[PDB]
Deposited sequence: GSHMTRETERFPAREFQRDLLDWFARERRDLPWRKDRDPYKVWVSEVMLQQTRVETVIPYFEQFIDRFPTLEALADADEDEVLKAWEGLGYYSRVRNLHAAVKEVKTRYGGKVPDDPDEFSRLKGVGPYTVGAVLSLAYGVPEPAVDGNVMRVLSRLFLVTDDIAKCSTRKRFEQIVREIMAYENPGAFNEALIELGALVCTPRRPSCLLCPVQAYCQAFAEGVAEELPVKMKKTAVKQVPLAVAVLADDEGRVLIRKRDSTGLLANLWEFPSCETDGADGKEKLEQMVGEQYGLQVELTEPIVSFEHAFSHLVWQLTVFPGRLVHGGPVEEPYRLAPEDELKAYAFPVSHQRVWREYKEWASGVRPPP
């Protein structure tokens, strides 16, 4: 019944489509950036980041040529920072290998870092009209209600089932519009809770509504880590930071020196981490910071720093007015904030 379905979905879309910033044009670069930013991140949160990011890096080439530190800083606070290291890498490769043109072949484009099945579909259909599915969580939710698919939406193969369904119902005339429309329906009408089935423009075609189970779809099925953080300052008030490893948690961001302590043993694991002279005073605060897959229980220890050799390794001696120029995870921004108000 796809031909009817298309027109009713596309009609609704033409009326209800939000004028979001990345919807101003179909520049493949602007689309790509916005899709990367929208991964596991709400639209309202993304809007200001996208505007500043495009301000700072207006073209794919501008992004490619920026220092990675300048690119992390722009992403500071968005979460899932490797999304941006991959985008930065993929863009550099588009500039050098594809002459600054986002490739329109699905196979070539998917080879770029951070680009998976969803982003292939999203970017190529909207920028170039390539008829590839663009199944995200919204689409998965819509399709699961529309076709009463009770497969655990977390299973790897489940998406592949949804992608097949898109290939056979999609408006091959206008794939971008169609894909866009399906996503917008998930966002505006067919929502995680209390979907507005009474208002929905494809309600006639929907098995979950007919069966009375829209609400129960889709079907879908964390460790605590103590952290001791050191805030060490000069008599000149310069502060000691360090750049995290290029791999693992919060890759490449800056932080106040810290280590995992396993419980509340002491402030010695901290002081020991030498390699220059430090003595630490009583801790001033403890608060916790949540990630998707773990929770840091931080305890910050103010302390005095004395110089006994060069600062190297990933460590850097930062004057206070310059902290603002580095990218810190939110947890460490709070470390600085609590330390500063304590200093009152």
Deposited residues absent from the coordinates (by C-alpha): 1-11, 233-236, 291-294, 364-369
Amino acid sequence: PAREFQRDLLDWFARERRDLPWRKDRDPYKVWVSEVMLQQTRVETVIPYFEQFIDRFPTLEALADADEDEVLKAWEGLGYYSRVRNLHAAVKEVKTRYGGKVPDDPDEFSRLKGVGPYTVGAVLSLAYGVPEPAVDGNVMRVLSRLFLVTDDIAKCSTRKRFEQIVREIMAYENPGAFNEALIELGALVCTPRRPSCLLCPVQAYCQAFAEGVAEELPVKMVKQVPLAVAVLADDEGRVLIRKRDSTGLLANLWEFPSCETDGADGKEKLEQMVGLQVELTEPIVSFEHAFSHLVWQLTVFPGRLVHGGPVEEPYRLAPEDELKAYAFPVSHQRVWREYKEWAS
From here on, numbers count along this sequence of modelled residues.
Which of 48-56 and 277-285 has higher mean CA B factor, as the PDB entry lists it: 277-285
Selected stretch [higher average CA B-factor]: 179-187 or 198-206: 198-206
Highest recorded Cα temperature factor - choice among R42, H307, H293, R26: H307
Highest recorded Cα temperature factor - choice among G121, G266, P192, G114: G266
Assigned third (lowest, middle, highest) for the C-alpha B factor of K220: highest
Position of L240 among the chain's modelled residues by C-alpha B-factor, lowest, middle or highest third: highest
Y80 - Cα temperature factor, lowest/middle/highest third of chain: lowest
Chain third (lowest, middle, highest) by recorded CA B-factor, residue given as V213: highest
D19 - Cα temperature factor, lowest/middle/highest third of chain: lowest
